[PDB]
Amino acid sequence: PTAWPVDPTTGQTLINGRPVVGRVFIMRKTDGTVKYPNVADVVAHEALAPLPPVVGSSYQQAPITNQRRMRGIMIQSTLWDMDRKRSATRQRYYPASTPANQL
Amino acid sequence: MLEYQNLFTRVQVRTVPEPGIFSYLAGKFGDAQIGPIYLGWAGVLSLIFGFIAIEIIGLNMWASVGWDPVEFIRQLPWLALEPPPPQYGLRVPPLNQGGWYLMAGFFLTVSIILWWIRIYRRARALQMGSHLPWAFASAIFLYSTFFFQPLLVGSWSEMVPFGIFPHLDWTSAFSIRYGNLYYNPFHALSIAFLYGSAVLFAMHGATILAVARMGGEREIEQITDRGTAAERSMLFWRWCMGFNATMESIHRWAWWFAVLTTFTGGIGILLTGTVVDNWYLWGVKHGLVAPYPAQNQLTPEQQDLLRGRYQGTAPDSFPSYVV
Amino acid sequence: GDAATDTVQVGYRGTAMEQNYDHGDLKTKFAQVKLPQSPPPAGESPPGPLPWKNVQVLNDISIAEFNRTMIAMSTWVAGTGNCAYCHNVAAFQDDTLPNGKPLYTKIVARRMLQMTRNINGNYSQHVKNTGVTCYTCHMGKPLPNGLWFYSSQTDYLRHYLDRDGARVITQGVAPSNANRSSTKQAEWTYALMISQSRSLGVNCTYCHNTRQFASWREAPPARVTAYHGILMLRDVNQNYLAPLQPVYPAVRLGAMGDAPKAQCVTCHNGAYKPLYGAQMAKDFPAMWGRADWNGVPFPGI
Amino acid sequence: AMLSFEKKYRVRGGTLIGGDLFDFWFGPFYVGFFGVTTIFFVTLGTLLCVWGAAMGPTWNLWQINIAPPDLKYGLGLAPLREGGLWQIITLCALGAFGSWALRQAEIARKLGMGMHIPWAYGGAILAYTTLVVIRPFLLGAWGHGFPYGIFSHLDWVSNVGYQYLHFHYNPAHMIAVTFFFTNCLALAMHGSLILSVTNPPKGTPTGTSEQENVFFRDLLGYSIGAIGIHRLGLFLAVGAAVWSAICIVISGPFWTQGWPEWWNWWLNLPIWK
Amino acid sequence: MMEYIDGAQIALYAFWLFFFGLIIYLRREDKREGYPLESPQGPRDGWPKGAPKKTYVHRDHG
Amino acid sequence: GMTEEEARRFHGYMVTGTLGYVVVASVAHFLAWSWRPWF
Amino acid sequence: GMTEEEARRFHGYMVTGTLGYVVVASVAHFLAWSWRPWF
Amino acid sequence: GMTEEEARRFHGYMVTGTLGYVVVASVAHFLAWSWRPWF
Amino acid sequence: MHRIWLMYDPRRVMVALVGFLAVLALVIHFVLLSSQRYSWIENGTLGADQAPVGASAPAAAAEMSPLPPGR
Amino acid sequence: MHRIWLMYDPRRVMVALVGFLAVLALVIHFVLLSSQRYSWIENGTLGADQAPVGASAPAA
Amino acid sequence: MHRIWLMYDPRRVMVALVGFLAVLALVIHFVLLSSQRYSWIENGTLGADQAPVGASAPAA
Ligand SMILES: CCCCCCCCCCCCCC(=O)OC[C@H](COP(=O)(O)OCC(O)COP(=O)(O)OC[C@@H](COC(=O)CCCCCCCCCCCCC)OC(=O)CCCCCCCCCCCCC)OC(=O)CCCCCCCCCCCCC
Ligand code: BCL
Ligand SMILES: CC[C@H]1c2cc3[nH]c4c(c3C)C(=O)[C@H](C(=O)OC)c4c3nc(cc4[nH]c(cc(n2)[C@@H]1C)c(C(C)=O)c4C)[C@@H](C)[C@@H]3CCC(=O)OC/C=C(\C)CCC[C@H](C)CCC[C@H](C)CCCC(C)C
Ligand SMILES: CC[C@H]1c2cc3[nH]c4c(c3C)C(=O)[C@H](C(=O)OC)c4c3nc(cc4[nH]c(cc(n2)[C@@H]1C)c(C(C)=O)c4C)[C@@H](C)[C@@H]3CCC(=O)OC/C=C(\C)CCC[C@H](C)CCC[C@H](C)CCCC(C)C
Ligand SMILES: *[C@H]1O[C@H](CO)[C@@H](O[C@@H]2O[C@@H](C)[C@H](O)[C@@H](O)[C@H]2O)[C@H](O)[C@@H]1O[C@H]1O[C@H](C(=O)O)[C@@H](O[C@H]2O[C@H](CO)[C@@H](O)[C@H](O)[C@H]2NC(C)=O)[C@H](OC(C)=O)[C@H]1OC(C)=O
Ligand SMILES: *[C@H]1O[C@H](CO)[C@@H](O[C@@H]2O[C@@H](C)[C@H](O)[C@@H](O)[C@H]2O)[C@H](O)[C@@H]1O[C@H]1O[C@H](C(=O)O)[C@@H](O[C@H]2O[C@H](CO)[C@@H](O)[C@H](O)[C@H]2NC(C)=O)[C@H](OC(C)=O)[C@H]1OC(C)=O
Ligand SMILES: CC(C)=CCC/C(C)=C/CC/C(C)=C/CC/C(C)=C/CC/C(C)=C/CC/C(C)=C/CC/C(C)=C/CC/C(C)=C/CC1=C(C)C(=O)c2ccccc2C1=O
Ligand SMILES: COC(C)(C)C/C=C/C(C)=C/C=C/C(C=O)=C/C=C/C(C)=C/C=C/C=C(C)/C=C/C=C(\C)CC/C=C(C)/C=C/C=C(\C)C(=O)O
Ligand SMILES: COC(C)(C)C/C=C/C(C)=C/C=C/C(C=O)=C/C=C/C(C)=C/C=C/C=C(C)/C=C/C=C(\C)CC/C=C(C)/C=C/C=C(\C)C(=O)O
Ligand SMILES: COC(C)(C)C/C=C/C(C)=C/C=C/C(C)=C/C=C/C(C)=C/C=C\C=C(C)\C=C\C=C(C)\C=C\C=C(C)\C=C\CC(C)(C)OC
Ligand SMILES: [Fe+3]
């Protein structure tokens with residue numbers, strides 16, 4: 001299954017019951033690559049499908065001081081990960097806001 | 001920079017009165033006015049709608065840095081006016097959560113269409129073929145798919161954000177979401193025409209400059225009354241690569257390669273997420289994907305453990321773990 | 001030769017799955033670890049019944065190994081010989097000052113021992129035989145790097161606390177109801193993945209073949225380790241760090257009053273392994289959650 | 001076969017090498033010494049690509065993949081079955097592309113044309129040489145080249161981009177993209193203008209340089225002129241490839257972090273640090 | 001219910017049939033000058049055959 | 001061009017203005033050194 | 001154009017210019033050496 | 001373009017300038033060798 | 001040695017020399033300012049024995065590597 | 001030495017000179033302002049023995 | 001041997017030679033400055049016996 005039989009007399013490989021002169025190797029294409037058969041075979045090597053999302057049943061607003069002014073989705077990684085200017089940091093969130101009654 | 005024709009090195013000339021029988025005419029080619037930059041009714045309306053679109057975009061960007069004019073300049077390429085949240089689908093969203101976005105998108109789209117009307121009317125008035133308006137229509141086709149593809153998948157959240165770096169974040173994330181856009185065959189075609197447009201204009205620009213000292217740049221005369229400059233251009237390419245265009249037909253090759261860039265582009269976008277959700281897997285199906293040796297192998301236990309979960313909603317609370 | 005770039009291939013030869021390092025910058029970072037890396041006290045273990053009055057975690061190691069551990073803990077968290085950082089030094093058994101105010105640092109450190117055992121014991125699929133000790137996060141200082149607090153709802157670091165699920169790619173050709181992920185959700189995953197790349201000082205090809213980010217077969221094995229790192233951080237944050245909120249002084253807490261939480265960079269500090277793979281935990285059986293470390297059995301009284 | 005005006009132009013002279021020996025035509029093609037060397041390199045390089053496909057896993061055109069060597073071979077020739085064949089094909093490709101440009105110079109000289117076309121093509125050769133010679137040399141291994149395969153080289157482009165986390169943020173790449181996009185716009189405008197004067201609506205006189213000048217001025221607000229639009233096209237198209245070569249050669253040899261964090265210098269200007 | 005055939009593949013061959021039609025059209029336009037070719041054993045048209053040489057109507061000024 | 005007489009006249013101002021500027025820069029370095037020496 | 005007398009008179013200023021510059025640079029080096037030797 | 005006598009005069013400076021440079025460079029190598037030999 | 005001033009125009013040589021010396025001076029200053037031993041703006045007040053010196057040998061531990069494993 | 005003003009046009013020379021010195025002055029100030037030792041807008045009131053100093057060699 | 005200067009213009013050759021020598025000198029200095037053993041700005045004050053040396057044959 002992994003190698004052909006070897007004649008005990010001569011250390012010589014037997015292919016279909018008859019000796020080969022030389023050192024036998026199992027032929028393969030470049031680096032053992034093999035053409036992908038189909039999508040199903042590719043998918044059968046992967047993890048199973050992801051589970052359904054966990055979605056919140058209702059939305060509670062955060063306090064306004066926890067709401068971002070910038071709606072851009074990557075901004076935390078693309079800018080704020082390197083920008084630490086104090087004034088610019090303060091501008092990232094809405095300031096506190098209170099009904100005049102409560103002051 | 002220095003140049004390989006004398007023509008405007010030195011002894012450039014002033015028509016002190018107007019040309020058209022530096023300076024400019026005040027008259028008509030037929031009924032078309034020749035002096036000012038042409039607008040007409042459609043041009044004027046296009047500028048008003050487009051101004052308000054740009055003004056809405058800028059004011060939202062500026063509000064997002066808390067009106068700080070220093071941060072408005074400092075952070076400008078990261079600022080955006082952003083599409084609505086996904087949960088709204090095609091419904092009208094809140095004003096600060098994509099309502100201004102759809103408004104700017106509407107005014108920009110009308111402004112673009114009115115600018116096409118302007119160009120179409122001006123081409124007719126100058127008694128010219130409509131080649132340029134249909135070229136511009138191919139660009140408008142690609143642009144419009146950034147409305148129609150979000151429509152066909154059912155959410156305005158999928159639209160392109162207005163913003164320099166943010167629209168490039170969207171461009172990357174779109175390819176990530178739909179399983180690598182390199183395996184979209186209409187994207188591959190659109191690149192082939194995009195590269196071919198640079199090939200052709202390099203070849204054609206160099207060709208005409210190589211015969212400019214024989215009047216090759218006077219292409220309308222060379223088309224109607226072929227000179228030696230046209231003949232030498234045809235023979236260079238025939239001797240180089242075995243076949244050649246004409247002075248007229250090279251401009252058709254130029255026209256189609258540019259036009260087909262955005263036309264094939266638009267089809268590839270419309271197909272994405274409507275017909276194919278994973279282009280790499282479509283590539284596997286149709287035999288596009290080269291095989292590589294496996295970099296890792298999963299056990300059956302890992303295949304269930306490493307299944308993820310699709311991404312859901314953010315947490316809308318700040319949990320205490322006091323216990 | 002110093003502006004030169006070192007590169008590591010991590011995938012098949014034509015794929016450009018490669019890591020690039022500035023040579024000079026890397027040897028600077030490496031030296032800044034390899035010199036400060038602290039020398040352990042030599043091993044010992046004599047017999048004797050445990051004299052301790054208020055030992056709740058370490059009651060399974062010999063008296064010399066215990067004292068050896070305290071010398072290490074002071075060195076790793078507080079500077080060597082600084083037992084006063086945690087203790088009423090006249091009464092090591094006490095968990096309060098003479099004033100009756102609690103020795104919050106000792107109460108935290110007791111939980112940090114349990115956390116370190118839980119990491120080394122239950123998350124070997126992440127830390128393997130390198131393991132962690134107090135030095136991995138603290139590096140000689142009371143505050144680790146990468147501390148984070150509540151802010152926005154959409155803050156991606158909450159992937160390491162209460163959220164679950166980052167996947168956005170469809171495992172099929174045609175669209176379906178199974179995956180309705182937005183392009184905004186792909187932007188959120190992309191932001192998260194840049195953070196992980198920076199936390200290790202690697203690029204995306206360290207864990208992916210970017211022709212298909214979803215693929216595990218085409219990805220290096222490191223992607224599997226990375227996934228266990230997410231699961232580990234969720235346990236660490238939910239069960240150990242976040243519930244320490246009432247123990248801390250208010251100066252240590254976030255604007256929301258939440259306890260500080262950890263992330264990948266807290267251990268990794270910008271390196272592909274913490275401390276470039278320095279193997280300390282093998283020297284400190286007090287901190288194994290395991291009956292043996294790489295075949296070396298636990299001293300076990 | 002010859003164009004009905006051609007024979008008159010088929011003189012000797014203009015060759016850079018080889019005198020009269022190779023100064024002849026084969027059908028439409030001019031040969032010349034660099035014609036001979038072109039066909040040598042094209043044939044050898046093609047047949048080695050066919051051999052690379054034969055010893056690879058499949059004959060499917062899209063999937064054929066002749067990969068470079070592992071990085072561990074550095075600047076040496078790998079075993080042929082392990083990327084050495086990619087190196088020989090690369091030497092063939094360089095020989096072919098160089099010969100093609102020098103053959104174009106002989107053709108242009110024979111017609112009394114300027115050298116603009118060889119030099120424009122030099123911009124494409126520069127970008128190729130940057131991808132497979134200069135950048136791999138500065139990185140110290142030929143294995144940094146891209147594989148020769150219709151889709152497998154797109155996997156290389158993808159992975160090289162994400163080696164810098166977010167390659168869109170590469171500043172030279174933004175310039176190169178802007179040239180490619182502006183070139184395509186300029187090509188559409190110039191093509192449309194020439195066609196629309198030479199092909200007016202039926203029953204309308206053929207247009208004039210004045211009409212295209214007027215319309216172009218309505219489009220851009222200034223008059224480029226006939227020589228200027230061809231200068232602009234050449235500048236945009238060649239400039240795109242030059243800025244492409246810059247953007248890749250800085251990625252790795254010079255900048256090794258993510259491209260987004262390159263922009264930290266802009267955030268830290270002293271007027272607003 | 002077709003497994004292999006899908007809308008993107010259908011679209012792509014629709015484009016290929018258009019595109020090769022366009023290349024035929026463009027090569028006919030390329031041949032309005034300098035064709036038929038001259039050779040021994042007489043004139044040659046190539047393929048496709050070229051469209052006829054084109055006369056252009058000048059504007060009058062009298 | 002310029003005469004040798006005008007060149008010599010200009011040179012007189014030019015050398016004077018140079019040396020004057022270098023004298024003021026000298027006092028500036030005297031003050032900077034007094035406040036925070038760099039060696 | 002430049003004459004042989006012009007060259008001769010120019011060379012004088014050119015050599016004192018170079019020599020003065022080398023004198024200043026060598027004093028600058030010996031200050032640097034006294035502050036922080038590189039060998 | 002040089003005459004015979006012009007070329008022959010120039011060749012004198014060119015030889016001596018070359019040899020003078022090599023002599024200076026040989027002292028530089030002597031110093032460098034005495035500081036840190038490379039074999 | 002004046003004949004060089006007939007062999008080349010003094011204006012072009014004078015400009016070329018000054019351009020060269022200015023470029024060289026800037027290069028050497030910035031190479032030093034970038035170094036550890038000669039970053040004189042931050043550390044110029046340190047005595048000659050206190051200034052940084054490059055290692056006679058870098059340090060190592062066998063289990064540690066600056067680069068990740070692979071290929 | 002004044003003959004140099006026949007070799008070169010004073011009006012161009014002096015415009016180039018002012019431009020050069022302005023650039024050099026701005027470069028040196030911003031290089032200092034960027035340092036720790038001479039970040040004088042923030043730390044200018046510190047005493048000379050109290051202002052930052054870059055890292056030494058170790059005692060070894 | 002001087003008739004070489006009839007084949008080549010010395011005004012060319014001088015500029016060519018100085019251009020070559022300046023480039024060659026800068027290459028060698030930067031090659032040495034990039035090395036470990038001869039990184040003389042940082043390590044120039046080490047004695048010859050203390051300077052770095054590349055790896056030997058290890059037999060291991
Ligand atoms: C993807 C988006 C971007 C993709 C971008 C794609 C751009 C494509 C641009 C290239 C297309 C034009 C090429 C061309 O016209 O060459 C001249 C030649 C001959 O005709 P002629 O020039 O008018 O006449 C001369 C000839 O009659 C007598 O000449 P002579 O006696 O001196 O010399 C001998 C003959 C022998 O013929 C040949 O050797 C040529 C045979 C191979 C032609 C293949 C053309 C490419 C087909 C591409 C379409 C598809 C084929 C499957 O003539 C010659 O020596 C002429 C040598 C011409 C060499 C041209 C080589 C071009 C290779 C292009 C490779 C393109 C790769 C993409 O023409 C032909 O042989 C016919 C070509 C007709 C255009 C292809 C249309 C295909 C439509 C679909 C199938 C139609 C079935 C009927
Ligand atoms: C990680 C990133 C992804 C990726 C994601 C995408 C996405 C997403 C898209 C493309 C698209 C394109 N990509 Mg791709 N792309 C990648 C890699 C590449 C590579 C490469 C070497 O790797 C190349 C060469 C390309 C090339 C191309 C082009 C062929 C194509 C755009 C055509 C065009 O002209 O657009 C430029 C032209 C326009 C946008 C038309 C605009 C016309 C309108 C009318 C202008 C209005 C202006 C208005 C009046 C004023 C504005 C005012 C302001 C609003 C203030 N991509 C990878 C795989 N690419 C597009 C496409 O067609 O896909 C099929 C597309 O949508
Ligand atoms: C074939 C595909 C290529 C293509 C082609 C193309 N584009 C075109 C055309 C063509 C053939 C045109 O004719 C058309 C054009 O006009 O060109 C000059 C156009 C055009 N391509 C454009 C852009 C563009 N094309 C792009 C790409 C492409 N264009 C493709 C590569 C891109 C990219 C790559 O992203 C861009 C950004 C525009 C320059 C132009 C269309 C202009 C337009 O529609 O403008 C609408 C108006 C506005 C946005 C408003 C402006 C507002 C002012 C700034 C305010 C000033 C105040 C105002 C005066 C107040 C009002 C007062 C009133 C009383 C007046
Ligand atoms: C100035 C920059 C732009 C440019 C311009 C340009 N290209 C040009 C010219 C000009 C001015 C020519 O004159 C020249 C020409 O003759 O065109 C007809 C050419 C040309 N541009 C070409 C292609 C081309 N240009 C490209 C790009 C560009 N061309 C730039 C955008 C691209 C891209 C981006 O992908 C391609 C594919 C050819 C059609 C032609 C050059 C023909 C030539 O050199 O022929 C001799 C060689 C062969 C016929 C075959 C060689 C085979 C090799 C020995 C083996 C294969 C090795 C190869 C690396 C394998 C790659 C496999 C891929 C899947 C990766
Ligand atoms: C605050 O509440 C939000 C909204 O539930 C929580 O976010 C959830 O979990 C995330 C994974 C996900 O991103 C998000 O979509 C959402 O599904 C957030 O984590 C905080 O959680 C705590 O409060 C929860 C709450 O909703 O009140 C609470 O949930 C449980 O209790 C409520 C009230 O009885 C009940 O309505 C929920 O169905 C119930 N859910 C579960 C799964 O038990 C959380 O308690 C638990 C055990 O989950 C709180 O979590 C903690 C650690 O305190
Ligand atoms: C801090 O406070 C705790 C309180 O629990 C003390 O813990 C005691 O001693 C431990 C050995 C034992 O394990 C534990 O169960 C408990 O018995 C801890 O030793 C520290 O003690 C100091 O502060 C104490 C405090 O709570 O204020 C104080 O205790 C005494 O005074 C308070 C009132 O102020 C009274 O409530 C306590 O009952 C009382 N306890 C005793 C035993 O008298 C300690 O004072 C004394 C004398 O013990 C403080 O200890 C010292 C040496 O100052
Ligand atoms: C390998 C082999 C089989 C060898 C056999 C032996 C032989 C044939 C020997 C003969 C000698 C030699 C050297 C032969 C060369 C053989 C080879 C390698 C041929 C390949 C030729 C080749 C590069 C083909 C590619 C064609 C392509 C796809 C080109 C891309 C660009 C493109 C779309 C061009 C079409 C538009 C055209 C025709 C542009 C040229 C063109 C331009 C640009 C103008 O500006 C212009 C202005 C005014 C009038 C005319 C023109 C004009 O024709
Ligand atoms: C850490 O930082 C890094 C950067 C790393 C460290 C390194 C730094 C380096 C390398 C520095 C190099 C410095 C340098 C090198 O050259 C510096 C050289 C400086 C020089 C030469 C300055 C010269 C100034 C001269 C002036 C101002 C002249 C003014 C003249 C005036 C006012 C009078 C004009 C005439 C008048 C008015 C009358 C006209 C006549 C009339 C009208 C008539 O006659 O009619
Ligand atoms: C670690 O770093 C790396 C970089 C790696 C290490 C390596 C570095 C390397 C390789 C360095 C090489 C250095 C080098 C090599 O040659 C250096 C050579 C330097 C030289 C040649 C300096 C020469 C200076 C000469 C000067 C300044 C002359 C001034 C003249 C003046 C002022 C007079 C002007 C005229 C007047 C006033 C009037 C004229 C009369 C007139 C008009 C009349 O009378 O009409
Ligand atoms: C005071 O004035 C100030 C200073 C504010 C002026 C300055 C303004 C500035 C600085 C502006 C800066 C603008 C920038 C930098 C803009 C960048 C824009 C970019 C890069 C945009 C890129 C892509 C955008 C795309 C593709 C957007 C597409 C949107 C579409 C197609 C939307 C269509 C919407 C439609 C058709 C309709 C919507 C309405 C509904 C849904 C209701 O249908 C009827
Ligand atoms: Fe043209």
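Reckoned from all heavy atoms, side chains included, excluding hydrogens, waters and symmetry mates. Within every chain, numbering begins at 1; the chains are lettered A, B, ... in the order of the sequence lines, protein sequences first and strands thereafter.
Between the CE atom in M234(B) and the OH atom in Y9(D) there is a gap of 10.5 Å [rounded to 0.5 Å]. Taking CZ of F41(D) as the reference point, atom OG1 of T43(D) lies at 11.0 Å (rounded to 0.5 Å). Annotation: the span from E219(B) atom CD to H251(B) atom NE2 amounts to 3.5 Å, rounded to 0.5 Å. Atom CG of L3(D) sits about 9.0 Å away from atom CD of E231(B), to the nearest 0.5 Å. Interatomic distance, NE2 of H204(B) versus CD1 of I117(D), reported as 11.0 Å (0.5 Å rounding). Atom OH in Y12(C) sits 8.5 Å away from atom OH in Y292(B) (nearest 0.5 Å).
Between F22(D) and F33(D), the shortest heavy-atom contact is CB-N, 3.5 Å. The minimum heavy-atom distance linking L126(D) with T130(D) is given by the pair O-OG1, 2.7 Å. Contact record, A54(D) with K29(A): O-NZ, 2.8 Å, taken as the closest heavy-atom pair. In plain terms, the two heavy atoms of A141(D) and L71(D) that are nearest each other are CB-O, 3.6 Å. When all heavy atoms of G268(B) and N184(B) are compared, the closest pair comes out as O-ND2, 3.0 Å. The nearest pair of heavy atoms linking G32(D) to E106(D) is CA-OE1, 4.0 Å.
In this structure, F167(D) and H173(D) have perpendicular ring planes: the angle between them is above 60°, well past the 30° mark. Ring geometry for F97(D) versus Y128(D): interplanar angle over 60°, hence perpendicular rather than tilted (30 to 60°).
Put simply, the side chain of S152(D) never gets that close to the backbone of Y148(D): no donor and acceptor are under 3.5 Å apart. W239(B) contributes no side-chain N or O that, together with a main-chain N or O of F29(D), makes up a donor-acceptor pair within less than 3.5 Å. Side-chain N or O atoms of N180(B) include one that pairs as donor or acceptor with a backbone N or O of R211(C) at under 3.5 Å. Counting only distance, with no hydrogens or angles, the side chain of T37(D) and the backbone of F34(D) share a donor-acceptor pair below 3.5 Å. Checked by atom type and distance alone, the side chain of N159(D) pairs as donor or acceptor with a backbone atom of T15(C) at under 3.5 Å. In this structure, the side chain of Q63(D) engages the main chain of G287(B) through a donor-acceptor pair within 3.5 Å. No side-chain donor-acceptor contact under 3.5 Å links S190(B) to the backbone of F186(B). The closest donor-acceptor contact from the side chain of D23(D) to the backbone of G13(D) lies under 3.5 Å. Put simply, the side chain of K31(E) never gets that close to the backbone of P52(E): no donor and acceptor are under 3.5 Å apart. Of the possible donor and acceptor atoms, none in the side chain of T182(D) sits under 3.5 Å from a partner among the backbone N and O of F179(D).
When only modelled atom types and interatomic distance are considered, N6(B) and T9(B) share a side-chain donor-acceptor pair under 3.5 Å.
Remark: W25(D) CH2 is packed, more than 12 non-hydrogen atoms of other residues, nucleotides or ligands lying under 6.0 Å away. Within a 6.0 Å radius of CZ in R218(B), no more than 12 heavy atoms belonging to other residues, nucleotides or ligands are found. A 6.0 Å sphere centred on CZ of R44(E) holds more than 12 heavy atoms belonging to other residues, nucleotides or ligands. Few gaps surround NZ on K54(E); more than 12 heavy atoms of other groups in view lie less than 6.0 Å from it. Heavy-atom contacts from other residues, nucleotides or ligands closer than 6.0 Å to OH of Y8(K) number 12 or fewer.
No close placement of the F263(B) and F18(E) rings is indicated, their centers lying 6.0 Å or farther apart.
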Discussion item. Between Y182(B) and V157(D), is the side chain to side chain contact (heavy atoms under 4.5 Å, CB included) condition met? List the steps.
Written reply: CA-CA 10 Å; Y182(B) 286 124; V157(D) 177; 3.3 Å; yes

Worksheet entry | Derivation of the side chain to side chain contact (heavy atoms under 4.5 Å, CB included) call for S251(D) and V160(D) | CA-CA 9 Å; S251(D) 303; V160(D) 177; 5.8 Å; no

Discussion item. Does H190(D) form a side chain to side chain contact (heavy atoms under 4.5 Å, CB included) with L232(D)? I'd like the steps, not just the answer.
Written reply: CA-CA 10 Å; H190(D) 179 53; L232(D) 178 63; over 6 Å; no

Fill in: Intermediate values then yes/no, salt bridge (charged side-chain N to carboxylate O under 4.0 Å, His left out), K7(D) and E38(E)
CA-CA 9 Å; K7(D) 192 175 188 180; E38(E) 298 175 348; over 6 Å; no

Discussion item. Please determine whether side chain to side chain contact (heavy atoms under 4.5 Å, CB included) holds for the pair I194(D) and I223(B), giving the CA-CA distance in whole Å, both sets of side-chain angles, and the decisive distance to 0.1 Å.
Written reply: CA-CA 10 Å; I194(D) 297 299; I223(B) 287 163; 3.8 Å; yes

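A salt bridge between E248(B) and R32(E) is absent, with no side-chain N of the basic residue lying under 4.0 Å from a carboxylate O of the acidic one.
Cation-pi geometry between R103(D) and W100(D) is met: under 6.0 angstrom from the ring centre, within 45 degrees of the axis.
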